[PDB]
Structures are given as structure tokens and as C-alpha cells.
Number of protein chains: 2
Amino acid sequence: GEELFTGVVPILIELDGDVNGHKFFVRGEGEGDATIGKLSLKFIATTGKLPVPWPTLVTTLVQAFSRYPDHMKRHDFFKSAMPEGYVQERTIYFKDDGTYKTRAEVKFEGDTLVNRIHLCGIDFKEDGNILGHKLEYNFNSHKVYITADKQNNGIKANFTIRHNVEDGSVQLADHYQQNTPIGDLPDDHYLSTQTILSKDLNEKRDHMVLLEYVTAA
Amino acid sequence: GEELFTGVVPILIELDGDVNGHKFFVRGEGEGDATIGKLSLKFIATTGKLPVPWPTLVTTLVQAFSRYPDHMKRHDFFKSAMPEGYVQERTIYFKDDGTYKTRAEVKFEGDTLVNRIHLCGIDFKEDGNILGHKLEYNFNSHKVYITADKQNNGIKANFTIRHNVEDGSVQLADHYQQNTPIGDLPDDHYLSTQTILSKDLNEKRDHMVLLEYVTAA
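Structure determination for this PDB entry was carried out by X-ray crystallography, with a resolution of 3.100 Å recorded in the header.

What follows is the structure, given as C-alpha cells:
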């Protein structure tokens, strides 16, 4: 399990989403370095301009890579379910706005850790912040609180993402998360994440480039 | 807006659904006769064989046509929202299997009554009853209990639907419904239904012929 994260792992991320009937697909490639908690990825919208802002897809697109210090390592469930992998499900509610429903399977395929994801949504207002692309291209820094679920031999987690709207207002998005092994269990803690969104100057297609630091405490 | 149902009304139903990443589109044409509560429709999968049993989509696919008796017309929320229309949102839990989430707008477009729908699912098992196409091609009458929702200026409804399996077992389908006007709330009452699913012998495409009688009480 932990054995696989002693260094830099290749990453493939795939996501087909359907939001309000708008189909899109995002291929993500990059490295992951758990030892320091760094993620470095380049996402490409193979289907053209996204119907939905890149920051709304940031959480959905590998925690395994989050850096758990040795005080904590017992409690790192994500690695401990590998290489078999784990299943990750979120219900993301965008306040005064639509809902995402996601299922994703995070496992090793060959040497590369893969996140294949299905994302669905409805009841998104056109001319709202999300379909309206009224969200700033940035990402905040959130504590993500983690509890174990002895019942499904896995992890639940709750948190709210604050998106800056071009107003100066904030578009809240409540997350509800479930994970289960697909094949261990921690005591309550959280993950503090930091995230930077960026673009490639040589990229005709709609894209996002992502740098992240996640350590646990 | 009840004056709009005093005879035969053309219907158009379109449904964009996802399930486990499996995209599909269903187009329905037919007629409703509100005076007797008759619905006759032909639904066609324009995307090829469904990833999902036809009977799970009936009851996502125009109550407005429900026959409300003369002593009850002051409670017919569906007509009378109208033309301008209403929004109908369902959450359907398939016991021991996935969930549908659906939002649909039912309005008059021209002098046709149109039902445009989005359907999202996830948490469905392959080799389960629903991705497994293990359901009898029928649909049994169920009383549907309707209540008013003061908060949202509209209608709530709760009901379970018994789906016969090839086994002799039954897939329960828990429906949770909300309706809200787009543009008079009823005292508690119900709609009892009756459905015959039959096939066109001159149709190549995956289809479903529906005949339905609904009256209120």
C-alpha cells in the first residue's frame, strides 16, 4: 500500500461529466509525490469549452497523494487501499445552485495511479454562477474533515468550498464524501489543502494546469 | 388554464439520461385526453438499446392529463400552472441499487404539451436488476398520494413502485417528488393509475408503446 508512494507516481485522470445535459470529457496527466504532498497535473477538455467552470471540477479530479506525517500514517486510508484501489463518491451541493453527483474509482493500472470518474448534475440555473461561468479562476485553501465509517469499512468526509465570484461574493459548495476499499480505518482528522490554477500558453484547447499541496493534521 | 385540456392534446417528451456514464436519449410522441385521463404514447430510444429497463423510465416520462372529477377541479395543481408550466423533480431510490435524480419542465410549447427531462444516476450495480435488464416489461397500478407544499408554492408526492423481476422477486422503486410552478394548492388527494406497455411490431429501434389511464380522487 504505502509502498507505492515512496516517490513520484505517474497520474492519469479521466472524467466524463454530464451537467444539465451538457456532455464533456476531461483527460488529466501529471505526477504525484506523496512524500511532500505535491500534485502536478495538466487537464484538457477534449470535448471543447467546458459548460461549467474549471474550479468546480478541481475537487472531483488522488488524495492518496496527500502527505500524511509519521505521527499520522496509521490513519492514511487512501494509500492503504491500494493498489487494489478505492471507490469515491461525492454529492456536491452548490448553494442556491445545482448538484453534482460523482462516482470514481482510484486504483493502480500498471504503474500509473488512475482516477476514472463519472460526474452528473441537474437543477443548475443557466445564468447562475456555475453555468454562467461567473467564477474566478482560482482555488482556496480548505480543511477537509475526515471520519471513518466502520459500517462500510471506509471513510466519510464533509466540507464546504468557497468559490470567489467575479462579484466579490462567494459561491459555496457543500461536499459530502464516501469512500470504500473495493477489495485502513482512521480516527477523526483533517486535510489542509492549497491549490493554484494556471494555464499553458501553447494550448489551443480549453485546459487547466494544477499545482496542489496537501498535508494532513 | 384548465380550459386548455378540454380535449385531445399533442404531447412531446424528451429525456436526456446518464446512469453509469451510459448516455441515452428518449423521444416520446402521442396524445393525452384529460377529460378521460387517457395517455397514449410511443417512446423511442434514439441512441440505441437503453442501458436501463423501460419500466424504470415510465414515471419519469404529464400528470397534467390526470382526470380530476368536477368536485375536485379546484385542486388540479398541474393544469392551472399553465400554460406557463411547472418543474418536476424526482429522486428515485432503487432498493439495494442505484438512484435516479430527475428534473423536468412541463409546459405548453405551441399547442403541444412538452415534457423535457434530465435524468442522472449513479451507484447502480452492473449485474444488478437495473443495468441487468432483469425486469418484467410491465407496470402496475399504484396509488400516488399528493400533498401541497406551502414553502415552495407547490406540490410534494411520495410513493413506492413495485417492479416485477424475472425471478419472481420485486424491485422496489422509492419515488420522492416535488413540483413547483414556473410562472392554487390542493388539499391532500391521490391519483390512481393503470398502465399497459406494448411494442410496435414495425419498429426497429428500441421503443416502448405506452397506454395509461389516470384519474384523481
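J.: Summarise the overall build of chain A; cite the residues concerned and give the values.
T.: From N to C terminus, chain A includes one helix and eleven strands. Based on the C-alpha atoms only, the size of chain A along its principal axes is roughly 45 × 35 × 30 Å.

J.: Give me the lowdown on the sheet that holds strand β9 (residues 170–181) of chain B, citing residues and values where you can.
T.: All names here are of chain B. Taking strand neighbours around the barrel as the criterion, the eleven strands line up as β1-β2-β3-β11-β10-β7-β8-β9-β4-β5-β6 in a closed arrangement whose pairing is mixed. On average, each strand axis in the sheet is inclined to that of its neighbour by 20 degrees, with strand direction left out of account. Bridge analysis of strand β7 (residues 143–149) against strand β10 (residues 189–198) gives four bridges, and the strand direction is antiparallel. In the sheet register, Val144 faces β10, and the bridge partner there is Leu191.

J.: Any chance you could break down the interface of chain A and chain B for me, citing the residues and the numbers?
T.: Facing 15 residues of chain A, the contacting portion of chain B comprises 13 residues. Going through the elements one at a time, β1 (8–19), β5 (99–109) and β6 (112–122) of chain A are the ones with two or more residues in the side of chain A that touches chain B. Top contributing element to the side of chain A that touches chain B by residue count: β6(A), with four residues.

J.: For unusual backbone geometry, give the residues involved together with the corresponding values.
T.: Residues and elements named next belong to chain A. Of the consecutive residues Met82 and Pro83, the connecting peptide bond is found in the cis state with omega at 10 degrees. Assignment of secondary structure puts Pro83 in the loop between α1 (54–57) and β4 (86–94). One non-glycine residue with positive phi stands out, namely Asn20, at about 40 degrees. The exposure class of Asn20 is buried, given its relative accessible area of 9%.

J.: Account for the environment of A:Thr160, with residues named and values stated.
T.: All names here are of chain A. If you trace the backbone, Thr160 turns up in strand β8 (residues 154–164). Taking the C-alpha atoms as reference, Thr160 lies 22 Å from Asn115; in sequence the two are 45 residues apart. With sequence-adjacent residues up to four places away left out, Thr160 is seen in contact with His142, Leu172, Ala173 and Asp174. At 2.7 Å, the side chain of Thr160 forms a polar contact with the side chain of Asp174.

Conventions we followed
- Residues numbered from 1 in each chain as written, not as in the entry; some residues may be left out.
- Chains lettered and ligands numbered in written order.
- Heavy atoms only, no water.
- Residues with missing side-chain atoms left out of burial classes, pairs and counts.
- Helix = DSSP H or I, 4+ residues; strand = E, 2+ residues; numbered from the N terminus.
- Pairing = 2+ DSSP bridges.
- Axes fitted to C-alpha atoms, helices over the stretch in contact; angles between N-to-C directions.
- Contact = heavy atoms within 4.5 Å.
- Buried < 20%, exposed > 50% of the residue type's maximum accessible area, 1.4 Å probe, protein only.
- Polar contact = N/O pair within 3.5 Å; in protein donor to acceptor, adjacent residues only side chain to side chain.

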